[PDB]
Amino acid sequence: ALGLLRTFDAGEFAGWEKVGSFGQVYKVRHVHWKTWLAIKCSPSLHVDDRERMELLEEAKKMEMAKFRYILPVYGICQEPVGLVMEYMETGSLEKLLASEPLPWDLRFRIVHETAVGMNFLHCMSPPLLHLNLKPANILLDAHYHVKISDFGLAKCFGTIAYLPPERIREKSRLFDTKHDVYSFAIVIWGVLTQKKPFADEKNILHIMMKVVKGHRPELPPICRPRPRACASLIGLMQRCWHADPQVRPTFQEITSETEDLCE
């Protein structure tokens, strides 16, 4: 896994441009390869042996999940300590949802492509859990196709919204596939609304308390352009955010339904 990865000297890169932030992300130009890449440097000034090894586990987990809808990783840079990744021109879904009103055919495809990627992770032996899925992680290429990113919290802030209610109920609960299914439901909410969940609210703790009983983000209305598929996606979202995690569908089932929304 970590053998096909490379080590990058900072001399190999050029024209650094900040893009995200967590740790800052930079669009760099590999000079000898004549192509662009992304690199994520650590926030700290000193990088201890936990960081260096943690970054390596993130890279290994990315290479293991080589797939169409997963972000490719090339190696780890040493000069500044950071992860050398594929550059996605269109950037994050978060930025795209803020940017402008999106057509529904796209929205449904972004949802489906994300779902296919997540399904792939869960299909591994053993399953790879993402445990961090949010529109900031969901990255889009020049032609608006998804690649899932940020395996920093994977397993073999304003982010309370993506946290499952069972995680608030029980201190130190065992992580599962149904964690990702919940977060994915909140992503769907983001696509249907182009809003951030609980954006306007007074306080975190009140909403996090109400979530443990049943209070989820307010349902969007049925859209005019694609009212049949919208209603269907909304349905799926609701099943994906159920309080009882055994009621939530598997990504095998989810992909099966999101595919029909693209037909």
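Basically, rigid core = biggest C-alpha set you can superpose within 1.5 Å across the two forms. The first residue of the shown sequence is 1; numbering continues from there.
Comparing 123-131 with 157-165 in 4 other deposited structures of this protein, after superposition on the rigid core, the stretch with the greater RMS C-alpha deviation is 157-165. According to the record, the deposited sequence contains 10 or more residues between residue 156 and residue 157 that were left without coordinates. According to the record, no deposited residue between residue 250 and residue 251 is left without atomic coordinates. With 110-118 and 75-83 compared on mean CA B-factor from the PDB entry, the stretch scoring higher is 75-83. Higher mean CA temperature factor, per the PDB entry, when comparing 62-70 with 201-209: 201-209. Comparing the C-alpha B-factors of 43, 225, 235, 217 in the entry, the top value falls on 43. Among all modelled residues in its chain, residue 231 ranks in the lowest third by Cα B-factor.
Sort the modelled residues of the chain by CA B factor and residue 173 lands in the highest third.
In this PDB entry, the Cα temperature factor of residue 141 sits in the bottom third of its chain's modelled residues, the lowest group.
In this PDB entry, the Cα temperature factor of residue 28 sits in the middle third of its chain's modelled residues.
Residue 37: CA B factor lies in the lowest third for its chain, per the PDB record.
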